[PDB]
Structures are given as structure tokens and as C-alpha cells.
Amino acid sequence: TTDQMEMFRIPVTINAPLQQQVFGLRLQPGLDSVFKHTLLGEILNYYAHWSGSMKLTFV
Amino acid sequence: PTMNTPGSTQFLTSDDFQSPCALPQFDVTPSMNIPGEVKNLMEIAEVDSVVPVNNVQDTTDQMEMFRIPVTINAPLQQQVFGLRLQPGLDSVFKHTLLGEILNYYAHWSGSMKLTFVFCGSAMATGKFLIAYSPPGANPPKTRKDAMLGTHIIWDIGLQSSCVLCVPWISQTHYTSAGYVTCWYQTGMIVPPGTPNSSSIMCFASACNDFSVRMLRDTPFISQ
Amino acid sequence: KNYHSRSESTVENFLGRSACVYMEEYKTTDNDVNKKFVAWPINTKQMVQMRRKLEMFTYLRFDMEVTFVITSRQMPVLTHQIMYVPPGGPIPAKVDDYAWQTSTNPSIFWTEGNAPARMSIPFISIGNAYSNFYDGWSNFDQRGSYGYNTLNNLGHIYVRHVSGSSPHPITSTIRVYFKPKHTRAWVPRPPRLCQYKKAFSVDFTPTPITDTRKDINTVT
Amino acid sequence: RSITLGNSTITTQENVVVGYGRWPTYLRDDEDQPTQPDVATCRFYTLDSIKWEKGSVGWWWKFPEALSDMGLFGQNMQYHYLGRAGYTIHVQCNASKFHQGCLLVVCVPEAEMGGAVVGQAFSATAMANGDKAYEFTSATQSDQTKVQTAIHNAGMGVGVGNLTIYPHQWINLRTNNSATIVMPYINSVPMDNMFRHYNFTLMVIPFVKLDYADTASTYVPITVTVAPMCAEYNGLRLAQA
Amino acid sequence: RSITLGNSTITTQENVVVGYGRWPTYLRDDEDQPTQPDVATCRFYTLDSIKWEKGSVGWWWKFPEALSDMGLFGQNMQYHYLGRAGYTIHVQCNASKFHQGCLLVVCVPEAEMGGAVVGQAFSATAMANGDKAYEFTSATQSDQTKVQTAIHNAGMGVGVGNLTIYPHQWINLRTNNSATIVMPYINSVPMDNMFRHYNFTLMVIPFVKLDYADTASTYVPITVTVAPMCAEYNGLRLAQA
């Protein structure tokens, strides 16, 4: 990773096959590296038991 | 469900606990209604006190500190006196009644009252410009500058007491402080057979209410 | 596992925990007057963990309580003067001076073999809440200290060993525990993401946002 | 369509994100300490127009130092001592439909920023200096007398993705083009000196870089319009006997 | 705006052309021969995305062989013997305003297609073979084992202009971009084996070739979404004494 501001950008381009994968995620907002340091991640790591539902918006 | 909890087996030197009476079965002499009972230390500070405005570098005697000099000969634009309102650190108000009460506290705010009484001949007349500068403002350097601000034209002929209630008096522990200045406007005019000097005395009080918070020892009399 | 609900996430019982904040030793007899008593400005920016928790809020209003655990090693009972100088009080500069005899400094006298000494300092400050962060200057010429105000200041605790004419050659060790009570907090703030480098500054060195993985599509 | 706002200057525009659900309001809604509300202060003090180029990183303006040289407001800061004010900030950019980019308009209350070199001090001219849009930079800053200015940590060491706590509005060029953030007065003392303390800092951060295709304007002008609302000061006159 | 249709998958879109004014309906709306309606079959089985290139001729998908490998529907065709179903077909393409083209989305019931060489037979792999969009070709076909595939006669010998009899919808790129054709079950026997008989054939025919100007995407992706509605089968359990 060349710079740290391209981490928030998932790339989409004109040229790419019609069956190709854009991204993958594993929902585990307390141990998965993606969600580890987000707001949700930080609050969760101060506890040892937690459960519920999360919301993912893709803009 | 216990009284052996941590922090309840010590002398805290500010206990409000009740203690055994050394000699019970002793009758005390009942209180008498003596004049002038005191209920606050604030009552003391609400009594007017002569402030020593004049306190020049070379002072011959200590009774001329309460006299601001006013004379026949002096230009029409000249300054009479200057003050910096900060009744807890300014040298003028340091040892007055108001000063003494304030120095036993570490936080205080309110308003004070300054009365200027001309003690002089009964035949003198003139005008003065008692001018007030807000906390942030610089003291005026000329009478013209002073006149633009807040000013009272005190006529010595028709009045002999000018009472100025001043707000925004706070602890401020350079410093933002108000200023009270006074300027000649006409000079002193007298008829034949009258002295060529007079004086102005000054008083200070704690006005309607003040509030003092947190005890502290005085930095005056040393142990 | 099952769902249910919570009430362990309330602000009061989040930040309200007893935690060690200072530990120091002193010897009653030696050649250094500095080491004959303990000084300790009260602040909550020394224990890194405790700091991080409190810094998720900008304004805080609380009245703390301080418990001391004192032990001593080498004969008769030994007493400790645990004085509290509040902001703008006189501070002792040496063991035995008039600043110890000041009657406006709340001073516990605790002797060993009894349950720990404790007192609860109230909410001191002329402001309406302590402010963790301050984005200003000490003067309006703006040439003074940066990020420091005097309205978040707290007093000092000075501990000395009450001794006779000639002290013993004892040595003692103190530990201080600190716990907020009746906490209220206003304005939330993002968590820290850098390692602290100063105990009063907000200084940091840049660090990567998050750990890397092989490929965007790769997840295991 | 166009709800033309007038005060003493006109701004034609066409959501409001209130700071915390609190509108600016006088302290009188709650002698010794009289106050003097100045009701002539409000009006749209439009700041300079920054150019959003393709290779840009971000921008910040310290308040209320940005309006220190702006008309009546500027004058009152010099005269008066204690004063409190709330602000209505309209950040509008103008771009076509062949331009793609994203901005995070965020008002951060009390942001203390660390120095570029750890354990060094910097002057007040390194954070604010009238109306200037100070520029965040990519990578580290090694100039001793500068602020840290690393975009990814927002110059505070907090991580740039988490700035969404603070009252923020996203200007996605795809759809909307305007952000209105009504910041109320937030401080721990009723009113304070307006030179010593920088109350809040407005940051505009491009999260997606501008791509303009070919033979189109190479910059998108971002204009900031600040109107101080409900500004109160301290009285300058004596009380009655 | 967007009437989000949900079943067990979601398809966001925004007229319905009913086959002959008859909606799909159960045979029960009219022991020895019990039936078993499967109500879990419906959901949007989105097929592959064909690319509409400039030099293309047309495409066709045999039903119900296109959904022979698609989930539950596919399984039931293997298990059960006799079954009947109706279909809701959503053919949507996505194109800009600098692209020009015309398509004829037509559902043709029972289309028998002649061989490329007259008086020859061809295999079942020449018409259908799972989900594939078989391609019509310009001119004649001389490959013996292929279908005739001449676009102008539609591979049936009927003339391509007259295919407007059958339930059809025109996707003119100028205006609209979606075609919804609700095909009911049409057969001369109540229910039939779903391997032997290809009930209807969906054909998409470009009547105007795509012209995309210059430096724009060179294909327009046409996606076909089929939801089997009101599918009934035969019981697999014994009757009472």
C-alpha cells in the first residue's frame, strides 16, 4: 500500500471481466483487521462478550 | 454492612463528628444580648473605608497618603490621579477593609463602590472628569481620549460626593483590570481670602453583594 | 450465547474504576531532603490505559476519591501525615516548615495496622467542567504555553512521616489509587491511534491506519 | 429551487445538520455582570475560494480567527473582552457531471494538534494567520516549526476515518453539492476571550481525488460562507447606585 | 423511482405486458391425481450477462431448459415428472444517452426450428445446452449439425418483421430501458414433462445496430432475470383407503 488514503477506496474500473470479484469481507467486527480500528471496533474491544446486529451501507 | 471499611479510622483534621463532653453536669452562663452581633465576614467588608490613593515614592509623613492634592495653579488638561481596580493585589486597596477580607479567600467576584468626597473650602468651584475604562481597555492618555469613554462631569460646586458603582471586579489570579482616572476640566477657582489648595478623599466598599469561595491564609502577618 | 441487553456501558461505571496511578518511596534519614517526603501533582495522564479511556470525552465533571496503601520496613507504631494542598495553597519545600502546619490543608493522620486512609476531594475548579483538551494559549499575545489552562488544575498530595526529635532509619513505600465518582461527560471524541510520547502534549509520530492482508478478495 | 437568504448580503442556495440538536441561543435564555448583545454582526462573511486540484490533500480553518479581520466582527474582538457566538457555515462547491469526487466537511470542537518534531514548540502563526486555508500534506512533516500535518491521522493522532463522530456532512459530487452545518457555542465557561482560544476547527477532507476526464476545468472552486449568529458580548458601562 | 421487488432476492427496477391477458394461476383454480404446489420456487434467477456489441445479430434462450441447472427449480425437474409453471421475465439493459439502438424482446410459444441442411437432423445440444444465449448469424448456416440461424427469417421461415404477434416489448434506448413480459402457461395438456418439451423461446433481436460514437463503452450489457411463478407438480405419496 503506497499511501494510507487509498485504504478507504475500493477500485472499480471500465476494464475487468463480467464475472470477477470486487471485494470480500468477513464479518467479525472485533478481530477482523478491516473493522479492528473503526469506531465500532474500538468500543467492542473494551468488552469480553458482545452480540447483536451491524449495518453496512455501500455508497 | 460494616464500619471497619477503609478510610474510617483516622484523624482527618476537619472532622464534623461529635465528641464526649469533658465535664458534663456543669451549667454554662447563658448568653447575653450584647450589641452588634456579627453573622458574616462580608458585613465587615460592606463598610466604607478611606483608601490611600496618594502613596508617592518619596512620602514625608504617613497622613498625606489619604489626600489627593488639588491646586489653583495647574493646566486645564492635566491628570489628577489614576487607579487600577483590582482590590486584592493593587497596592492602594491592599490594606483597606475590603482588601483584608478578600485576601483570606482564593476566589471572589462582584462589584465595588467608589465615593469621591471633596474636602476643601466652601467657596471653591470647578469641574472634573471622572472617567472609567472597561477591563480590556487601555487607560486614556489625554483628557480628550478620556471623554469619549464613560465619563461623569462632577461639579464641585453643586455636589461634593460622587458615587460610582463599578462592575466586573474579579480575582484575576499583564492583568485585565479596569481603570478610574480623573482629569482637570476647569481647574479650581476661589474668591479672595481662601486657601490655594484643597484635597479629595476616596472611599471603597463591597457594594450590594460579593461572593467569596475557598478559605486561604493571609500572606500578610508571617508566622 | 443469547442476546438480552446491557447497562455496563454507562459512562459512570465505565470511567469509575480504582486504578493505581503513582508509587514512590521515601527514607526518613538521608542526605537528600527531596527524598525525605513525597510530592505528587494530581493528574490522570501518567497511567496510559486510564488516560486513553478518559480522553474519549472532551469535558468531564467528577469528584474523585483517593485511597493510599502505605507499608514500611526497618518497632513502635508509626504515623503518617497525608496532607492535601489544594490549588493555590502553600507547598512545603523541605520536611518541617510552616507549610506543614497550615490549617487550610486537609491532612489525614493515619497510623499503621488499620484499614487504609481515604478521603474524597470534591469538584474543585471555577469552571463548569474540567477540559481534557484545550486549543489555546495562556496569553492573548499568543507567545506563552500551548494547550495548557489553569482551570483543569488539581492540587498536590504531600506525604511525610510524623517523627519525634530524631527519626528512625525506616523507609516506607506509598501507592495511590484513584477513582472518579458521579462522572458526567459531554462531547465524545475519537479514540487515540498513536503511542503517547509526552505526559502533557498531544505529540505523536504518524502510524499506518490498519494492518494489511494479501489481497482485497482474499479473506480466510 | 432557490431559497434566497438575506441578512445584509444575499446568498442564493438550495440539509441543515445542527451541531448536537442545539441551536445558537443567547445566554439570557437560561448589575454585577451585564451583557451587550450585538445584533448587527450577522451577515454572510464569504471567505476566499480555494481550488480543489487533482493533487490536493485537505484544508483547515481555525475559528474564530478566520473572521478576525472581517468587518464588525473583527472590530468587536479587539474592543470587547469576553464574547460568545454560534456560526452557520455554508460550504458550497460548483462542479459539472463529468467530475467525480467526495469531501468530508467536518466541524471539530477543540482540536489540539501536535508539533512536527516531537517535544518541540511552534508559533501561533503555524495554525492560524487570518483567513488562510492551511494545507494538510501527504507523508510526514519534518519542518520543525510546523504542525504535524499528516492527513491519515488528521494531525491529532486519531485516525481520519473516525472523524465522523463530530457534526459532519458529506459532499458527494455525484448528487448533492452543498453542506450546511449550524455549529452552536460549546465551551466549559459561559464566555471567553476570542484571541486566546480557538473554539473549533473546520476541516474539509477530500476522501476521493478529483478526476476530471479530459479538456474540462481542472479545479472545482470550494467557497466557505460563515454567518456568526446570536453573538453576545460584555457591557462597557457602569451600573446604577 | 424504484419499486424494490423482494422474493428471496431483491431486484430494484422502475410496463407489464401480460402474455394474453392471463396471469399465471394454479390448476386448482378451475386421490386419483393429487398435485403438490411448490411455493418456494419463486425468486429472481438472474441469468448471465450478454454483451451487445456493434457487430451482433441476436440471441435466444429455450425455456424451461435455461433454468435446468438453477437451484431448487433445477432439482424439481429431475425429481418430479409432470410440472407446470408461468414466468415473469425482466430484460434490462444499461446504456447512456450517447448510445443508440433498438431491441425486440419477444416470447415465442412453441417455435420449431428447421435444420441448416434441408432433410437432416441435429442434436438437442444445437438448440439448448443449459444457460447459453445461442447466437443468430447473418447470412445462411452451412454447418450440417446446426439450426438454420438466419436472422431475417428468424430461424422458422416466418419473416422477422411479423414477430410482433407474440407478446413483445420494444426496448428503444432513446427513452425506456426495461421490458417486463409476464408469460402464462400455454400448452394443450394440463401439465407435461419439463425435459421433453421446450415450452417457449425468448428471443432478443437488435433491429437497430449499436452506434456508440467515440471513446465510450463499446458494449451494452443486457441482463435477463426470470422468476418462475405459480409452479405446480405431482404428488409423490399414496392416497387413503
# chains A, B, ... in the order shown; residues from 1 in each chain; ligands from 1

call {"tool": "interface_residues", "arguments": {"of": "chain D", "to": "chain A", "cutoff": "9 Å", "atoms": "only C-alpha atoms", "output": "tab-separated table (two decimals) with C-alpha atoms, in the first residue's frame"}}
result
chain	number	residue	atom	x	y	z
D	138	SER	CA	0.85	13.64	2.35
D	139	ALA	CA	3.50	11.77	4.37
D	151	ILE	CA	-3.60	13.51	6.50
D	152	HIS	CA	-4.18	9.92	7.59
D	159	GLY	CA	-7.25	8.24	12.57
D	160	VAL	CA	-9.03	10.07	9.77
D	161	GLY	CA	-11.82	7.54	9.28
D	162	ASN	CA	-13.22	8.12	12.77
D	165	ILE	CA	-18.36	11.45	15.36
D	207	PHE	CA	-11.76	11.29	0.51
D	208	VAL	CA	-11.87	10.62	-3.25

call {"tool": "interface_residues", "arguments": {"of": "chain A", "to": "chain C", "cutoff": "9 Å", "atoms": "only C-alpha atoms", "output": "PyMOL selection string"}}
result
chain A and resi 1+4+7+10+21-26+33-37+39+42+50-52

call {"tool": "interface_residues", "arguments": {"of": "chain B", "to": "chain C", "cutoff": "9 Å", "atoms": "only C-alpha atoms", "output": "ChimeraX atom specification"}}
result
/B:4-14,106-107,174,215-217,223

call {"tool": "write_last_selection", "arguments": {"atoms": "C-alpha atoms", "output": "compact mmCIF listing (two decimals), in the first residue's frame"}}
result
# COMPACT_ATOMS: atom_id res chain seq x y z
CA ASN B 4 -14.40 -1.08 59.58
CA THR B 5 -14.42 -0.01 55.91
CA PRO B 6 -11.16 1.58 54.61
CA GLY B 7 -10.96 5.27 55.45
CA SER B 8 -12.78 5.31 58.76
CA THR B 9 -10.13 5.01 61.44
CA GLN B 10 -8.12 8.18 61.17
CA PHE B 11 -7.96 11.78 62.33
CA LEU B 12 -8.93 13.79 59.26
CA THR B 13 -8.34 17.21 60.90
CA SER B 14 -11.61 18.70 59.67
CA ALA B 106 -8.82 32.43 46.71
CA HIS B 107 -11.84 33.20 44.53
CA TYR B 174 -0.28 41.63 32.48
CA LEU B 215 -10.51 29.69 52.58
CA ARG B 216 -6.81 30.54 52.41
CA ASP B 217 -4.39 32.09 54.90
CA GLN B 223 4.27 33.02 61.38

call {"tool": "residues_around", "arguments": {"residues": "segment 168-176 of chain C", "least_positions_apart": "2", "cutoff": "9 Å", "atoms": "only C-alpha atoms", "output": "number ranges by chain"}}
result
C: 19-30, 38, 66-74, 159, 161, 163-164, 166, 178

call {"tool": "atom_distance", "arguments": {"atom1": "atom CA of residue 76 of chain E", "atom2": "atom CA of residue 112 of chain E"}}
result
25.6 Å

call {"tool": "closest_atom_pairs", "arguments": {"of": "chain C", "to": "chain D", "cutoff": "9 Å", "atoms": "only C-alpha atoms", "output": "CSV"}}
result
residue,atom,partner,partner_atom,distance
C:58,CA,D:110,CA,8.1
C:59,CA,D:188,CA,7.4
C:126,CA,D:189,CA,8.9
C:127,CA,D:189,CA,5.7
C:128,CA,D:188,CA,5.5
C:129,CA,D:188,CA,5.8
C:130,CA,D:188,CA,7.6
C:131,CA,D:188,CA,7.3
C:133,CA,D:110,CA,6.5
C:134,CA,D:110,CA,6.2
C:135,CA,D:112,CA,5.0
C:136,CA,D:197,CA,4.2
C:137,CA,D:196,CA,5.3
C:138,CA,D:196,CA,6.9
C:139,CA,D:196,CA,6.2
C:140,CA,D:196,CA,4.8
C:141,CA,D:196,CA,7.9
C:142,CA,D:124,CA,6.4
C:143,CA,D:123,CA,7.1
C:145,CA,D:121,CA,8.8
C:146,CA,D:121,CA,8.1
C:147,CA,D:112,CA,6.8
C:187,CA,D:166,CA,8.7
C:188,CA,D:165,CA,7.4
C:189,CA,D:165,CA,6.8
C:190,CA,D:162,CA,6.0
C:191,CA,D:158,CA,6.1
C:192,CA,D:158,CA,4.9
C:193,CA,D:158,CA,5.2
C:194,CA,D:157,CA,5.7
C:195,CA,D:157,CA,8.9
C:197,CA,D:118,CA,7.5
C:198,CA,D:119,CA,7.6
C:201,CA,D:114,CA,7.1
C:202,CA,D:114,CA,5.3
C:203,CA,D:114,CA,4.3
C:204,CA,D:157,CA,6.4
C:205,CA,D:118,CA,7.4
C:206,CA,D:153,CA,6.7
C:207,CA,D:153,CA,7.7
C:208,CA,D:152,CA,7.9
C:209,CA,D:159,CA,6.5

call {"tool": "atom_distance", "arguments": {"atom1": "atom CA of residue 100 of chain E", "atom2": "atom CA of residue 213 of chain E"}}
result
9.2 Å

call {"tool": "select_by_dssp", "arguments": {"residues": "segment 35-143 of chain C", "states": "helix (DSSP H, G or I)", "output": "VMD selection string"}}
result
chain C and resid 35 to 36 48 to 54 98 to 100

call {"tool": "write_last_selection", "arguments": {"atoms": "N, CA and C atoms", "output": "tab-separated table (two decimals), in the first residue's frame"}}
result
chain	number	residue	atom	x	y	z
C	35	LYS	N	14.10	13.42	49.10
C	35	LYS	CA	13.77	12.03	49.29
C	35	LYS	C	13.23	11.80	50.68
C	36	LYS	N	13.12	12.86	51.52
C	36	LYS	CA	12.54	12.73	52.84
C	36	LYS	C	11.05	12.92	52.84
C	48	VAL	N	-1.18	5.14	31.23
C	48	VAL	CA	-1.51	5.19	29.83
C	48	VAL	C	-2.89	4.66	29.52
C	49	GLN	N	-3.29	3.54	30.17
C	49	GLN	CA	-4.57	2.91	29.97
C	49	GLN	C	-5.70	3.80	30.42
C	50	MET	N	-5.57	4.37	31.63
C	50	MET	CA	-6.53	5.25	32.26
C	50	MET	C	-6.76	6.50	31.47
C	51	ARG	N	-5.66	7.06	30.92
C	51	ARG	CA	-5.64	8.22	30.07
C	51	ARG	C	-6.47	8.05	28.84
C	52	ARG	N	-6.28	6.91	28.12
C	52	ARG	CA	-6.94	6.60	26.88
C	52	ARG	C	-8.43	6.55	27.04
C	53	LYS	N	-8.92	5.96	28.16
C	53	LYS	CA	-10.33	5.90	28.49
C	53	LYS	C	-10.95	7.25	28.65
C	54	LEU	N	-10.31	8.14	29.45
C	54	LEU	CA	-10.85	9.45	29.78
C	54	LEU	C	-10.83	10.38	28.60
C	98	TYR	N	6.55	25.79	57.94
C	98	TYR	CA	5.23	26.25	58.30
C	98	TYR	C	4.16	25.74	57.35
C	99	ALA	N	4.52	25.34	56.11
C	99	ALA	CA	3.56	24.82	55.16
C	99	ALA	C	2.92	23.53	55.58
C	100	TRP	N	3.59	22.72	56.43
C	100	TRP	CA	3.01	21.53	57.01
C	100	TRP	C	2.04	21.85	58.11

call {"tool": "closest_atom_pairs", "arguments": {"of": "chain D", "to": "chain B", "cutoff": "12 Å", "atoms": "only C-alpha atoms", "output": "Markdown table"}}
result
| residue | atom | partner | partner_atom | distance |
| --- | --- | --- | --- | --- |
| D:31 | CA | B:167 | CA | 6.8 |
| D:32 | CA | B:167 | CA | 5.2 |
| D:33 | CA | B:168 | CA | 5.9 |
| D:34 | CA | B:167 | CA | 8.2 |
| D:35 | CA | B:168 | CA | 10.9 |
| D:76 | CA | B:136 | CA | 11.6 |
| D:77 | CA | B:136 | CA | 10.6 |
| D:78 | CA | B:136 | CA | 8.8 |
| D:79 | CA | B:137 | CA | 7.3 |
| D:80 | CA | B:136 | CA | 6.7 |
| D:81 | CA | B:136 | CA | 5.6 |
| D:82 | CA | B:136 | CA | 9.1 |
| D:193 | CA | B:136 | CA | 10.1 |
| D:234 | CA | B:168 | CA | 9.4 |
| D:235 | CA | B:134 | CA | 8.5 |
| D:236 | CA | B:134 | CA | 5.7 |
| D:237 | CA | B:150 | CA | 6.6 |
| D:238 | CA | B:166 | CA | 5.6 |
| D:239 | CA | B:165 | CA | 5.9 |
| D:240 | CA | B:165 | CA | 6.5 |
| D:241 | CA | B:165 | CA | 5.7 |

call {"tool": "residues_around", "arguments": {"residues": "residue 59 of chain E", "least_positions_apart": "5", "cutoff": "10 Å", "atoms": "only C-alpha atoms", "output": "compact mmCIF listing (two decimals) with C-alpha atoms, in the first residue's frame"}}
result
# COMPACT_ATOMS: atom_id res chain seq x y z
CA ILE E 50 -24.56 -10.98 -22.72
CA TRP E 52 -24.41 -6.19 -27.04
CA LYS E 132 -26.50 -20.15 -23.00
CA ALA E 133 -27.54 -17.39 -25.30
CA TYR E 134 -27.40 -19.07 -28.71
CA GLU E 135 -26.48 -16.60 -31.42
CA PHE E 136 -28.37 -15.94 -34.66
CA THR E 137 -26.00 -15.22 -37.54
CA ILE E 151 -31.83 -13.61 -38.74
CA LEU E 202 -37.29 -15.94 -25.57
CA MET E 203 -35.60 -14.02 -28.41
CA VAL E 204 -33.90 -10.61 -28.14
CA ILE E 205 -33.41 -9.18 -31.66
CA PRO E 206 -31.48 -5.86 -32.24

call {"tool": "atom_distance", "arguments": {"atom1": "atom CA of residue 169 of chain E", "atom2": "atom CA of residue 105 of chain E"}}
result
5.4 Å

call {"tool": "select_by_dssp", "arguments": {"residues": "segment 28-212 of chain E", "states": "strand (DSSP E or B)", "output": "PyMOL selection string"}}
result
chain E and resi 35+45-52+59-63+82-93+100-109+115+134-135+137+147+150+168-172+178-183+192-193+200-211

call {"tool": "closest_residue", "arguments": {"among": "B:172, B:125, B:158, B:220", "to": "residue 70 of chain B", "atoms": "only C-alpha atoms"}}
result
B:125

call {"tool": "residues_around", "arguments": {"residues": "residue 21 of chain D", "least_positions_apart": "3", "cutoff": "12 Å", "atoms": "only C-alpha atoms", "output": "ChimeraX atom specification"}}
result
/D:16-18,24,167,181-185

call {"tool": "write_last_selection", "arguments": {"atoms": "C-alpha atoms", "output": "PDB file, in the first residue's frame"}}
result
ATOM      1  CA  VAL D  16     -29.181  21.526   7.907  1.00  0.00           C
ATOM      2  CA  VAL D  17     -27.094  19.455  10.280  1.00  0.00           C
ATOM      3  CA  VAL D  18     -27.414  21.032  13.702  1.00  0.00           C
ATOM      4  CA  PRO D  24     -27.301  29.037  18.913  1.00  0.00           C
ATOM      5  CA  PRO D 167     -21.154  17.069  13.182  1.00  0.00           C
ATOM      6  CA  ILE D 181     -23.584  22.858   9.438  1.00  0.00           C
ATOM      7  CA  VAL D 182     -25.059  25.001  12.243  1.00  0.00           C
ATOM      8  CA  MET D 183     -22.425  24.855  14.995  1.00  0.00           C
ATOM      9  CA  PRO D 184     -23.629  26.088  18.474  1.00  0.00           C
ATOM     10  CA  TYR D 185     -21.355  27.530  21.170  1.00  0.00           C
TER      11      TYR D 185
END

call {"tool": "residues_around", "arguments": {"residues": "residue 128 of chain D", "least_positions_apart": "6", "cutoff": "10 Å", "atoms": "only C-alpha atoms", "output": "list in words"}}
result
residues 60, 61, 62, 63, 64, 65, 66, 134 and 198 of chain D

call {"tool": "write_last_selection", "arguments": {"atoms": "N, CA, C and O atoms", "output": "PDB file, in the first residue's frame"}}
result
ATOM      1  N   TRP D  60      -7.849  23.370   6.366  1.00  0.00           N
ATOM      2  CA  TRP D  60      -8.477  23.614   7.647  1.00  0.00           C
ATOM      3  C   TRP D  60      -8.423  25.091   7.943  1.00  0.00           C
ATOM      4  O   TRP D  60      -7.485  25.776   7.549  1.00  0.00           O
ATOM      5  N   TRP D  61      -9.459  25.611   8.645  1.00  0.00           N
ATOM      6  CA  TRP D  61      -9.557  26.989   9.061  1.00  0.00           C
ATOM      7  C   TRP D  61      -9.937  27.008  10.512  1.00  0.00           C
ATOM      8  O   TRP D  61     -10.980  26.483  10.880  1.00  0.00           O
ATOM      9  N   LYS D  62      -9.128  27.684  11.359  1.00  0.00           N
ATOM     10  CA  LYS D  62      -9.368  27.873  12.773  1.00  0.00           C
ATOM     11  C   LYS D  62     -10.386  28.956  12.965  1.00  0.00           C
ATOM     12  O   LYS D  62     -10.277  29.999  12.332  1.00  0.00           O
ATOM     13  N   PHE D  63     -11.385  28.741  13.848  1.00  0.00           N
ATOM     14  CA  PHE D  63     -12.419  29.709  14.140  1.00  0.00           C
ATOM     15  C   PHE D  63     -12.297  30.044  15.588  1.00  0.00           C
ATOM     16  O   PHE D  63     -12.117  29.120  16.375  1.00  0.00           O
ATOM     17  N   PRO D  64     -12.335  31.304  16.008  1.00  0.00           N
ATOM     18  CA  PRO D  64     -12.927  32.400  15.266  1.00  0.00           C
ATOM     19  C   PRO D  64     -11.839  33.257  14.676  1.00  0.00           C
ATOM     20  O   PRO D  64     -12.115  34.413  14.376  1.00  0.00           O
ATOM     21  N   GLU D  65     -10.614  32.727  14.459  1.00  0.00           N
ATOM     22  CA  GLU D  65      -9.510  33.505  13.941  1.00  0.00           C
ATOM     23  C   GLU D  65      -9.635  33.794  12.476  1.00  0.00           C
ATOM     24  O   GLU D  65      -8.946  34.671  11.969  1.00  0.00           O
ATOM     25  N   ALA D  66     -10.479  33.038  11.745  1.00  0.00           N
ATOM     26  CA  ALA D  66     -10.723  33.253  10.340  1.00  0.00           C
ATOM     27  C   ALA D  66     -11.487  34.524  10.081  1.00  0.00           C
ATOM     28  O   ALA D  66     -11.393  35.090   8.997  1.00  0.00           O
ATOM     29  N   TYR D 134      -5.010  26.509   5.637  1.00  0.00           N
ATOM     30  CA  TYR D 134      -3.802  25.748   5.852  1.00  0.00           C
ATOM     31  C   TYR D 134      -3.949  24.385   5.252  1.00  0.00           C
ATOM     32  O   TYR D 134      -5.024  23.806   5.323  1.00  0.00           O
ATOM     33  N   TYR D 198      -9.104  29.091  20.368  1.00  0.00           N
ATOM     34  CA  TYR D 198      -9.649  28.773  19.070  1.00  0.00           C
ATOM     35  C   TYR D 198     -10.704  27.770  19.383  1.00  0.00           C
ATOM     36  O   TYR D 198     -10.400  26.671  19.832  1.00  0.00           O
TER      37      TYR D 198
END
